[PDB]
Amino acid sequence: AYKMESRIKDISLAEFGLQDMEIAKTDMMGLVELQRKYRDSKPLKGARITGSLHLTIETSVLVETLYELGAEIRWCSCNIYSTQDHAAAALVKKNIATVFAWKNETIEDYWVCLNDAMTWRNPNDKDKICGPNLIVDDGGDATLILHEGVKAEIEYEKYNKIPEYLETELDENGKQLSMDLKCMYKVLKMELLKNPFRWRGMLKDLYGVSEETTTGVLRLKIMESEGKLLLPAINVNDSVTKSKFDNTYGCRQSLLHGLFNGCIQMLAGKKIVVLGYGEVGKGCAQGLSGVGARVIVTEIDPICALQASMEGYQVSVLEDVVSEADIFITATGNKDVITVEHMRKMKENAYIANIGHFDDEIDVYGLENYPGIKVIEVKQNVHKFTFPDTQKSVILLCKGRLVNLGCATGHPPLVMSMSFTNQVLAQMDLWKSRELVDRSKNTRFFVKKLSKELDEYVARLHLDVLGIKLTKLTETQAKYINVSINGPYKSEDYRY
């Protein structure tokens, strides 16, 4: 059953994925504990969960946890390069989930996989389609195809024809559409022809989405402020045990791993530009400095810029260092931070990489389609581009996709367990509150965060991994600082 419907690269890798999962679980104590405590009561029993999140070994442990808790699951990855084929195979082999994911997907396949992951067959038999009850999302793509799908269906009935914005390769402004929008639109058009009630029909059983990353949260907030959010949402990124660990310490290690795999050069002594000094940029700079690089930071936020200066880093505008720096790393979550014009001024064999969620940070399309550009494959997912007029070259890591997952295996299990423990608690919260979702009276939906009590609990579940011994307050001390002995220990606005 699961093996026939799933689409993965190679089931024979299952045994290696299972063995890696067991090793990873030594450190993923949060997920191990949730399984231990809830596998028998099954709090998610009956829930249909669709996930769009990098299908790595760490993610396979998250999926296993959701399955042990009672959920039926369909999964896909949220990046064309981030899937670990042995991880995917492990899930299918054990019948833990129906999977549509493989490393090195085409953009078209990415959107077909996501769409298939959102498709559930009616538990009341026959050719009837349903949607998921809950969504685990990373970057907002599952949430995007749902909202855009609803928008397309309304537009479709209004003029009783395929909306023309779906049949054009051009933007409202005039420029060409990203390959991602063209592929999503192609899937949506196809669905308008199969069943133009598919998307609105899913709303009936949709109880929520838990969003993993900064960029996904930004998308959610924009929908919320415009009154367009169609389901309840939990912002997992902003849990303290997520944003202050995964984003920073995870990147401190996995950026280095991606660079070491993709870039042959020594980092020590090099001028390395980290564009953006937020949670991710802070971790990146720390790792880079740790191996002797001279980090130069760019920022638009005066506070973050001052923080960088306090760690001994030069803070400059890209234009003043573009011809002198050796390596450029984008960590902004923004777009057009490195343009083709910037790339033409870089020194011979400068390296460029992106660690933000989307490739838009770097003008990869402009680079690849520059007239007379010459490209060679240096190794898998590493390309050297040579301009025709100057004959100078730049080297780009994995077509500007998130380098730690494209050119390496992503963050290690410990921090992913902290982020994923938050995901499981978020999913449990949304599922338990499903009766409060009434699609007739209650039309307006919101984004919330998990409580500080749960945030502290996530941390407690990982202390033993590191042999950390926590101090206990006496009654006198607890009263003196005005906190309960069991916490929470900090006010809501505390920044850690």
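Heads up, when I say rigid core I mean the largest set of C-alphas that superpose within 1.5 Å between the two forms. Start at 1 with the first residue shown and count on from there.
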Which of 392-400 and 170-178 strays further in 6 other deposited structures of this protein - Cα RMS after rigid core alignment: 170-178
Counting only other entries that model residues on either side, is residue 335 absent from the coordinates in at least a third? no
When the other PDB entries of this protein are compared, is residue 126 left blank in at least a third of them? yes
When the Cα temperature factors in the entry are averaged, is it 268-276 or 146-154 that ends up higher? 146-154
With respect to the recorded C-alpha B factors, which stretch has the higher mean value, 370-378 or 413-421? 370-378
With respect to the C-alpha temperature factors reported in the PDB entry, which of 326, 141, 191, 301 ranks highest? 191
Among 28, 63, 458, 447, single out the one with the highest C-alpha B factor in the record, please. 447
Should residue 44 be placed in the lowest, middle or highest third of its chain by the C-alpha B factor in the entry? highest
Check where residue 59 lands among this chain's C-alpha B-factors and tell me if it's the lowest, middle or highest third. lowest
What third of its chain, lowest, middle or highest, does the C-alpha temperature factor of residue 246 fall into? lowest
Taking the values exactly as deposited, rank residue 365 by C-alpha B-factor within its chain and report the matching third: lowest, middle or highest. middle
Is the Cα B-factor recorded for residue 2 in the lowest, middle or highest third of its chain? highest
